[PDB]
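Structural description and commentary
Listed below, chain by chain, are the residues.
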Amino acid sequence: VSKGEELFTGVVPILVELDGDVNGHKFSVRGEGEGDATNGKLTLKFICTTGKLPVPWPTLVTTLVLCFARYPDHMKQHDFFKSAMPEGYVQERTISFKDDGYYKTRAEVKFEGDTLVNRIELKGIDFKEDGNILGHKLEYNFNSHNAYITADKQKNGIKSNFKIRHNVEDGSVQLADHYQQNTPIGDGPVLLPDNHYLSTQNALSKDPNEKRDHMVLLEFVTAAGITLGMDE
């Protein structure tokens, strides 16, 4: 069985690198901070290193490290993400924005030295140039949300699909339908969980002394949905 969860008992430095291309609008994001899986807590600051981000920061939150989720002691056996560590997992998504374009993402989440690294390539396709995404019509926030996790035994990993509801500035809602697959990188043993979900909250802010296009993010992720019986 896997030892990977021992890598997360303290505070772990994080590096996020994203290369993106949405309708030919190219961009890069670099994030740094730390993760505290004991509390399910992430604190990161993201910089668009290419200048102006051509999509709204909230649409990249899900793309920009679920190994930092807090799994309750009685659910530690269902934590696929840490079981794959330090070698890591590939995380792939397609995110379909309703009445608009879609993102395709491929990321590798793995330890490089002491640092948990999330390295992402993103392609966006068929967006409306004055839609909610390329038109920057979304509010700078991110609602709390529960994402269901199921095992994908035929790929030795997990999958998830879930709907993100972004608030639009006019008061409407932009749906982002997420389809996700994770598969380990190494050959070691991985935990295939029972069905459960991750409960996530996100607080987005700005650094006053930062002139670049950026996002300060505080995120909590807690696993739930598995019945704790009296057998303990």
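Within each chain the first residue of the written sequence is number 1 and the count goes on from 1 in that order, possibly differing from the entry; residues lacking coordinates are omitted. Heavy atoms throughout the structure, all of them, feed into the side-chain values; hydrogens and water do not. Residues with missing side-chain atoms are left out of burial classes, side-chain pairs and their counts.

Structure determination for this entry is recorded as X-ray crystallography, at 1.8000 Å resolution.

Here we take up the overall build of the protein. In DSSP terms, a helix is any run of H or I states spanning at least four residues, a strand is any run of E spanning at least two, and both are numbered starting from the N terminus. Within the protein one finds one helix and 11 strands. Secondary structure of the protein in N-to-C order comes out as β-β-β-α-β-β-β-β-β-β-β-β. For 232 residues, the compact-globule formula gives about 17 Å, and the C-alpha radius of gyration of the protein, at 17 Å, lands near that figure. It is over C-alpha atoms that the radius of gyration is taken, and the globule rule equals 2.2 Å times the number of residues to the power 0.38.

Secondary-structure assignment places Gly188 in the loop between strand 9 (173–184) and strand 10 (196–205). Taking the C-alpha atoms as reference points, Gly188 and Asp130, 58 residues apart in sequence, are found 47 Å from one another.

Pairing between two strands requires that DSSP report at least two bridges joining them. Around the barrel, which closes on itself, the 11 strands sit in the order 1-2-3-11-10-7-8-9-4-5-6 with mixed pairing between neighbours. Adjacent strand axes in the sheet meet at a mean angle of 20 degrees, parallel and antiparallel pairs treated alike. Inter-axis angles, ranging from 0 to 180 degrees, are taken between N-to-C directions of lines fitted to C-alpha atoms, where helices are fitted over the stretch in contact.

What follows covers the pairing of strand 9. Judged from the nine bridges that link them, strand 4 (residues 89–97) and strand 9 form a sheet pairing that is antiparallel. Across the sheet, residue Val90 finds its bridge partner in strand 9, namely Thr183. Summarising the sheet, strand 8 (residues 157–167) and strand 9 pair through 10 bridges and their orientation is antiparallel. Each residue of the ladder has a partner; that of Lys163, found in strand 9, is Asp177. Here strand 8 folds back onto strand 9, and the loop between the two strands holds five residues, one of which, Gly171, carries a positive phi near 100 degrees.

Residue types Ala, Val, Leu, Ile, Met, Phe, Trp, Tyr and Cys, when buried and joined through side-chain atoms within 4.5 Å, form a set referred to as a nonpolar core. Each residue's exposure class comes from its accessible area (1.4 Å probe, protein chains only) as a fraction of the maximum for that residue type: buried when under 20%, exposed when over 50%, partly exposed otherwise. Counting residues in each nonpolar core, the largest one holds 60 residues, and the members touching the most others are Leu64, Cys67, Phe68, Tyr103 and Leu116. Top element by residues in this core is strand 1 (residues 11–22). It accounts for five residues. Note on contacts: a residue pair is in contact if any heavy atoms of the two residues lie within 4.5 Å. Once residues within four sequence positions are removed from consideration, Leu116 is found in contact with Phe8, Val12, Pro13, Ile14, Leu15, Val65, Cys67, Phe68, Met85, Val109, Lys110 and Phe111.

With that settled, consider the pairing of strand 11 (residues 214–224). Here seven bridges tie strand 3 (residues 41–48) to strand 11, and the two strands are oriented antiparallel to one another. Across the sheet, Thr43 pairs through a bridge with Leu218, a residue of strand 11. Pairing geometry for strand 10 and strand 11, over nine bridges, is antiparallel. Counted as the bridge partner of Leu204 is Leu217 from strand 11.

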